[PDB]
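Just one chain follows, in the form whose entry title says "open-form", and it is written as structure tokens.
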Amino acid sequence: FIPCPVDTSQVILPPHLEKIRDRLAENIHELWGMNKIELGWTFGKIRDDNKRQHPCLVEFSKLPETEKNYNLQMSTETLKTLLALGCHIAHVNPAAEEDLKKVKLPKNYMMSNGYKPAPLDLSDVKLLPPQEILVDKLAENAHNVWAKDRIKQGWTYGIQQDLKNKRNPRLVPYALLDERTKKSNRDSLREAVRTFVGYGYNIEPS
């Protein structure tokens, strides 16, 4: 009895948002790597879950084509969702990108491949109240997107136990979701909106 997500099928990403979509996908990967490393994950030729090695702890260009199409897609779907909800996105700050800097991480983050994540320094960016509302909307809708896929793939609500045989206790309406599970992907969609403001774009609600 989970809601339906918003329709982004007939939404075409306007070519003036192609660049910023590539920026978000780049930073999404940088944030992913930093978080993995801070959980102790190292690089390995192949991913071992006991050894905490992963092949994707690598520079973005060298990322396999399968993953880049998943990074760019999730970023493209974020933008497509913003358009469908009634938001208007415009570039209002050519100057602002020049004021953008990547964080310099210490040496312990660098791996054997020589890759060191360099995420954007978005601490100075502070969101506006209606923008912070918009981050909740994208979070709730990303959930309905995710739940729609898993249900189509044959997943059901399972009790608090999580079962590989296609049962997940997170398959509940969003209002019923645990507050701890909300923050994980809500903090990830909050940095995405900061990237837009950071590159000088303005996300105006409806």
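Residue numbers run from 1 along the displayed sequence. Just so we're on the same page, rigid core means the largest C-alpha set that superposes within 1.5 Å between forms.
Asks: Which has higher Cα B-factors on average according to the PDB entry: 175 to 183 or 52 to 60?
Replies: Mean B over CA atoms: larger for 52 to 60.
Asks: Quick one: say whether 193 to 201 or 9 to 17 has the higher mean Cα B-factor in the deposited entry.
Replies: Looking at the record's C-alpha B-factors, the answer is 9 to 17.
Asks: In this PDB entry, which of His143, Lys68, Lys166, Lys152 has the top CA B-factor?
Replies: By C-alpha B-factor in the record, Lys68 ranks first.
Asks: Based on what the PDB entry reports, which of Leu72, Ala96, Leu128, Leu79 has the top C-alpha B-factor?
Replies: Among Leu72, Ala96, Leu128, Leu79, the PDB entry lists the largest C-alpha B-factor for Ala96.
Asks: Sorting the chain's modelled residues by C-alpha B-factor, tell me whether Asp136 ends up in the lowest, middle or highest third.
Replies: For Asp136, the deposited C-alpha B-factor lands in the lowest third.
Asks: Quick check on the deposited entry: does the C-alpha B-factor of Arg47 sit in the lowest, middle or highest third of its chain?
Replies: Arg47: CA B-factor falls in the highest third of its chain.
Asks: Which third of the chain does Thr156 land in by C-alpha B-factor: lowest, middle or highest?
Replies: Its C-alpha B-factor belongs to the lowest third of this chain's values.
Asks: Is the Cα B-factor recorded for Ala90 in the lowest, middle or highest third of its chain?
Replies: Answer is middle: the recorded C-alpha B-factor places it there.
Asks: Which third, lowest, middle or highest, does the C-alpha temperature factor of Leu100 belong to within its own chain?
Replies: As the PDB entry reports it, the C-alpha B-factor of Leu100 lands in the middle third of its chain.
The discussion below concerns the form whose entry title says "closed-form", not included here.
Asks: After superposing the rigid core, is the C-alpha displacement of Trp146 2 Å or more between the shown form and the other one?
Replies: Yes, its C-alpha moves 2 Å or more.
Asks: Taking the rigid core as the reference frame, is the Cα of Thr42 displaced by 2 Å or more between the shown form and the other one?
Replies: The answer is no; the displacement is under 2 Å.
Asks: Is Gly158 one of the residues whose Cα moves 2 Å or more between the shown form and the other one, with the core superposed?
Replies: True for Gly158: a C-alpha shift of 2 Å or more.
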